[PDB]
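K.L.:
Starting from these lines, generate the structure:
(chains A and B)
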Number of protein chains: 2
Amino acid sequence: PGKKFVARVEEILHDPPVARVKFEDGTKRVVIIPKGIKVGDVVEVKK
Amino acid sequence: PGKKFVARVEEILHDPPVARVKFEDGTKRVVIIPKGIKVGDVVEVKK
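P.N.:
Numbers count the residues shown, from 1 in each chain, chains lettered A, B, ... in the order given. Take a look:
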């Protein structure tokens, strides 16, 4: 299935979308999110 | 969907953008990234 991780969306980089998200421990990852996500959202993400 | 891969951005080559990224295992790939990415970021990339 995957592991349990929560991150917060800071900046969305849409350019015809990806998101820079901060995890629980200050880590920053830029992940692929579907169109509909906004900044400030909390998302569940794995490895 | 795609597989799970993490890479680190080393150099951005913007010239009117692409990025040289190192994966988990020292591999280097130059991928297409949207405008907003910076060097040192960790990005999720597939095949």
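
K.L.:
For the most centrally placed residue in chain A, give me its contacts.
P.N.:
Geometric centre of chain A, nearest residue: residue A:21, 4.2 Å, by CA atoms, centre = their mean. For residue A:21, the contacting residues are A:7-10, A:28-31, A:43, A:45, by CB atoms under 8 Å, 6 or more residues apart in numbering or on different chains. Backbone N, C-alpha and C define where each C-beta goes, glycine included.

K.L.:
what about it, which SS state?
P.N.:
strand (DSSP: H, G, I helix; E, B strand; the rest coil).

K.L.:
excluding its backbone neighbours, what's nearest it?
P.N.:
residue A:7 (3.8 Å; CB to CB, 6 or more residues apart in numbering or on different chains).

K.L.:
Residue A:35 now?
P.N.:
For residue A:35, ignoring the flanking residues on the chain, the nearest one in space by CB to CB, 6+ apart is residue A:17 at 5.6 Å.

K.L.:
What about the one you found, how many residues nearby?
P.N.:
Other residues near residue A:17 come to 14 when the count uses other CB atoms under 10 Å in any protein chain shown.

K.L.:
Please apply the same query to residue A:5.
P.N.:
Using other CB under 10 Å, residue A:5 is surrounded by 16 other residues.

K.L.:
ok, the nearest residue to it once chain neighbours are set aside - contacts?
P.N.:
In space, and not counting its chain neighbours, residue A:5 is closest to residue A:45: 5.2 Å by CB to CB, 6+ apart. By CB under 8 Å, 6+ apart, the contact set of residue A:45 is A:5-7, A:21, A:23, A:29, A:31.
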